[PDB]
Amino acid sequence: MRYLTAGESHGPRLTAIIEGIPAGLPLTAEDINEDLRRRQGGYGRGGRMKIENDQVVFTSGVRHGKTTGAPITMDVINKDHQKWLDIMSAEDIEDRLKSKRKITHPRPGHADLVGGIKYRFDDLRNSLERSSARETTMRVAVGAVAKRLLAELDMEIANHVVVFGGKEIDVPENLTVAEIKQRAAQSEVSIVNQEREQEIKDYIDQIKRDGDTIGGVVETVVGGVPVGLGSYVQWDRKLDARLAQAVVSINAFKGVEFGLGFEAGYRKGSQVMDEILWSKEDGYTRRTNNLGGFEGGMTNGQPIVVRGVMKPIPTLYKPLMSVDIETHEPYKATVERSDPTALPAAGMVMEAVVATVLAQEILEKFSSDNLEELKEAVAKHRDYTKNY
Amino acid sequence: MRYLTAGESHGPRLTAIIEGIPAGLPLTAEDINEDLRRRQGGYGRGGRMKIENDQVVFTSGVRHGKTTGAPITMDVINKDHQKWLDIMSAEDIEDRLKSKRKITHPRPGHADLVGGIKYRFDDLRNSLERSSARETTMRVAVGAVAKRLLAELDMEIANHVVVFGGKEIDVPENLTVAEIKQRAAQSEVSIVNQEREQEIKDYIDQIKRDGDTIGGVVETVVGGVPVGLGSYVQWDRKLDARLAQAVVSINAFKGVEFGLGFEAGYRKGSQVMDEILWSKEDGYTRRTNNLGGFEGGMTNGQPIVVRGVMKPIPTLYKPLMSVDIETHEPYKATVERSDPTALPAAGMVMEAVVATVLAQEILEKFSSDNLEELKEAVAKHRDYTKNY
Amino acid sequence: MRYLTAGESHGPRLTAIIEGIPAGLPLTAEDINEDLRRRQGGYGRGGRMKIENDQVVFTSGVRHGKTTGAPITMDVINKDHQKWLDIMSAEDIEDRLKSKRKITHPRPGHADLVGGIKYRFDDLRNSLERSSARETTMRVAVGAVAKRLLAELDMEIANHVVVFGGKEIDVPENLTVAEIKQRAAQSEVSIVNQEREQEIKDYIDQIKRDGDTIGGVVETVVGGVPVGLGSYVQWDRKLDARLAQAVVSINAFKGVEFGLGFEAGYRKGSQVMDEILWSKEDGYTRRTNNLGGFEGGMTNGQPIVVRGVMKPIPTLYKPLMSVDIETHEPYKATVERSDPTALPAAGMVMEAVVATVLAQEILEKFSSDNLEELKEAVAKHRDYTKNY
Amino acid sequence: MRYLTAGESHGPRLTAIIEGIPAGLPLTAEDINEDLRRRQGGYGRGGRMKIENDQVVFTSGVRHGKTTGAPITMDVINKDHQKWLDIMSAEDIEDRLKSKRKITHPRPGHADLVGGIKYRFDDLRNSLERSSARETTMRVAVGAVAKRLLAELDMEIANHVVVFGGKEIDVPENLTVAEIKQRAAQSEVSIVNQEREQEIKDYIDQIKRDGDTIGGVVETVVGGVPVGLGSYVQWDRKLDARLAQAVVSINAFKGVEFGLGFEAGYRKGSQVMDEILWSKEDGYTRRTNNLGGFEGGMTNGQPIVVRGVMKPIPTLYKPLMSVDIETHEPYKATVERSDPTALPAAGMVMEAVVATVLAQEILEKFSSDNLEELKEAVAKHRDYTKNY
């Protein structure tokens, strides 16, 4: 299974094509819209998010509620585009109008300047329009399709904020994936423990009044995973490593870690390995989950636990120093529309990207031209695993 | 450029094939051997590291001291194989001899059990032989070819330990890559500040007496990096993300971060973006390097700064709890030859892997059938960059 | 450069995304539409070709006349979809309405039955809608983008029919690419010598009235190609082999050959090899082009000459024998809407696919994040080639 | 599954690494060696083939007679290397010695000149050593591993010469794969009709005394093929097209065709489609096999029938004009002893590459981390197919 996303922030619309989903999967637009809606939200996002109402339009690969195995195409319109018809026209317009919203003041922390050097642009809007996170809308759309697959295979996934601009959220011990998703869904900041709900909001508004931005750490958990997805025989077959690329490819993300993660570099061997247990009732399991679901680049059957750090949004309403690309003189950075933080939204993109890599791995490991054989292949493999 | 590594820990030899290096790159067995030697070192490694004397043998693609563009084949013999001629024989032997060194007690933390389930093994040695970090020897070897290409393009790379089993190393501000390489080579634990050298060493010794293991955090730095390598136009073209997959693919790595890394989730935007500066003498630069060389998934010209966390080595001489796979009874894990720590060596592995990806990215971006045209494409791009 | 095509024959629309085209390439909807029009033509096409008027819509990656380097999305609407609103709805509909246009009598030669076994379909139109050649419309839209790149690099391409249902064309010797393009465009069956045009039209009418079909052989020729695209150093880098996959992947194609092709298996070495020549004026050239522009899987600078055989359309109006997948009784294949032949269109698809593969090979060989750098590299390479 | 081949014709040895073969496959050196012996054979092959005695050495991935799922490494020594130790040494040597056997006279029909332009060589030996068909030895080694997988899945493969230097071999009607395999290797020229055996040998001799070369056409046939391998959903998923690239990648191959092949462009649809039949005994079948086992890029369950044309060996005793690359002066190329033909050996290479691609497709289609699950999946899939 593979895919490509396309579209510009202020273009007419976004598009994604997914090639390789099995035939037979029940799939509706509501299956996608629920996640699209979750991605637009989170306390701290404003502006564009109150202008868009992201919903999907399928134009291929889905027939009468089920996929057919053909490429699936999903669209999401940009309502805002009616204000950028000339500026973002595909066709040429007269010289004289091109100057409009032309960007020559790169913003620190964004792709503007380097995208201009690489692609040799005279207008950095040509870097901005694609590098913008509006694109994550289609990543979530692809992840919602991936999630339908995981749901048919009795797997569960959830995401929650565990660090918000420095505030470490004390998560209760031994929550199920279902509990994580339900608690988190009740918060406007995706935290499982809310006595901090009002405290974090206040802070986002401080930061907001203060004219600054914050980021944090988001955690994705996956339950019911089959054992032996990924492989140690070659470096690029390791599933944790595959997930690492996908997480870090999310706009603003600067790191990814599994289970204890970086803490594992501060502890002893005996405090980190997860002992192996067996029962006639359940077959193999592990006493603890410090490795976050992976042994040797492979799923061991415990929950997958991965965290990603999102740096603060680069756009500051209180600029920062930059340089004017036409004069080479220092100046403040351009101020494009943005928010004090988009962390909860980033955690939804993270959930979608993890689900997507997972679904890719499942489709590669098991017979999967169609849902029936895949579901059969997975049941058989879970029976084998249980009785090993 | 692409490659495959092969070989078992106690098989006769390790092998690697590299396809796609440009013709005309000066390359010698000593260019490789220097790094193989580093990989074998580091206070805390014993056993095998005194038996093996890792050196390469070229058998294709190198002629008269230069690559030809054809596939390069490198071999590294396993001197230890002499003690395993029967056990690791490619051809069938007497059934009665097959139980030798057979493993039925998986080790927590290692690939034993899950590899056994995935591949349907009755002898967990079949997992161990290939999941062993003995394979990282060939990754270092491929890395040494990649480093020669970086050297030809005026780039420099180094690695050092910045956290050793929880002891954080105090790194002097403003060191060049060359100083980090030089100071680290004077330490038995690869730290650039030897004030904790004896303390780290005695800590290792304690760990070993205590019968436990420790990991840490290694940092790789790359200097003189061309701008605009990597792209934001699609997620899987982001170079930070490609490095992420490669770093976490290293045995025992549970995480990866760039620049400030996870600490960016604890700061404000104004304390994280790197301001943009310009001078007639140097072109564009950045005031600070909190982003570790990456904006928008692309190199910004600042030093690339990446860290990976190595969990503690799973094999404890004081074995943890497990299960006998033939009887399903609880039992202590198998105790195989291992060391209290392999962090310094992991650092070298990371250095090679980072270099590998980077050379791959350079070979994608520039005309690179031969070194001549590659060097010219790179100089020309550097000139463009400098004058943007 | 990579791309995906998507869409069903009777769904709402077709879509394609191309990822990786350099920034800076002039591109308009007319650059695409000219080839979409060619593809709908050819004496012998009717039905659908009378309902559709294929024209593109760009929704991403194109701004004010040029590419930006971001993913390019193209749509082609299916006007006919208004007749299939229920039959092809993405949303589920009442069970009884699903019998509408349901295929249970598979057509010999088409993807019907096999797709039904592979994907576990009960309705074989689910095989039909995606396997149908309506999809070639988007492969031609991608080729048109590829062809714009080839034109900025001073390359030319043309296609022509050389066999039309067994009638071989007597092709004058030593025509240029441009001559081929011009002469074939003045013919209603894309033949460059019209002595048999009326005979071929009369034959097509005959096949039609008899409820039969015909295919033939088309030839694509590419001029001005750079030397050394492709490589012999690994089998999958050979450019003639890469083209071979792309040509056979066109619907109804059953084979591909280069230069003399299969005739080379009937002649002696001395009658096939192309002698090497050199002059201060032209640099290296070849006396003849029996090899069709390739030596060792690499372009040698002569015209690329490649031929593909298109088998006859499978859907015959006097249907062949098949089986009712519901009762297992013998029954005549279903008769869907089809032409007696679509060879001239198939020629345009083949021109597009060849140009695509070649653009991809060029983008891989040369620095090509943007058009300016790509043009400078190709000029430089041509300079080195001429003066070798 | 993927693999890389490496080595020079006059280097010390050839090497291949295959990654992704399921654990559990019985495999021995003789499994490979049988094919390697066939590949050295064929009337018309002389020189080298009498010195070389190709046998494989396994150095990884094979233990006690079975694969383990890790990367497999195979070596084949070049006995001829002994006469080239200086010339082909990896390490640098005195400048005065580097001109030994330097090549500056490109052979028409070979990779020489174009390779030296591409890779900017002064010595065309660096093109020649790797472009040589000596490399096909490792492609046949790889194909032998693939063939072992096919045999475990009850599939059979064979190759025979159908056209020899223009002599069309009259093949009996409807030979099975096993018949073709048996008859063909009773022949020193791989033909299934031995009334023409002496005739072809004499013709080969005649060509040789005439100082010329011949090529021809080889047909590979595959039986017991599962249905539904390959897909129509995207062009690059079609298995006929994947086989096309593999076949045209063989040195000297200039075309590939399936079933009736190019003859399908001369016939009518009624004379080409294969009618679909069903019986309670055997399930679905076809009345004829004009399509060569493919419908919509997918296997239909009839025997795969593919033919490739091999141009004649380019090196001749008859003169062919070329140019001296150091002087730009014309010269006549002539080789006193060259083989007149390598067609029967090319047929072995064709069988191997075909077998390889099929194994790859099978590994992709079905659950295949280990042989046991693969077998189970294939069995389940044939039961579904038969009972559709």
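In order of appearance the chains are A, B, C and D, and numbering begins at 1 in each one.
By our rule, a residue touches a chain if its C-beta (ideal position, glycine included) is under 8 Å from a C-beta of that chain, and two chains touch if they have at least 3 such contacts.
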*Could you quickly compare A-D and C-D and let me know which has more C-beta contacts?*
C-D
*Maximum centroid distance from chain C, chain identifier (CA atoms)*: B
*Go ahead and note the Å separation of the Cα centroids belonging to chain A and chain C.*
37
*How many angstrom between the C-alpha centroids of chain D and chain C?*
27
*asked:* So the centre of each chain is just the mean of its C-alpha atoms; given that, what is the distance between chain A and chain D in Å?
replied: 45
*At least two other chains touched by the same residue of chain C: list those residues.*
4-5, 19, 69-71, 118, 120, 130, 228, 231, 233-234, 369, 373, 384
*Parts of chain B lying in touch with chain A, wherever the complex brings them together*: 4-5, 106-111, 113-118, 120, 127, 130-131, 139, 163, 165-166, 207, 210, 212-217, 227-228, 231-236, 238, 240-242, 244-250, 254-262, 264-270, 272-278, 280, 284, 286-287, 291-292, 295-300, 309-314, 316, 318, 320-323, 325, 328, 330, 333, 353, 384-385, 388
_For the complex, give me every residue of chain C touching chain A._
2-8, 11-15, 17, 19, 23-24, 28-29, 58-65, 68-73, 88-93, 98, 118-121, 126, 129-130, 369-370, 372-373
_Sites on chain D touched by chain A in the complex_ = 19-20, 69-71, 228, 231, 233-234, 365-367, 369, 373, 376-377, 380-381, 384
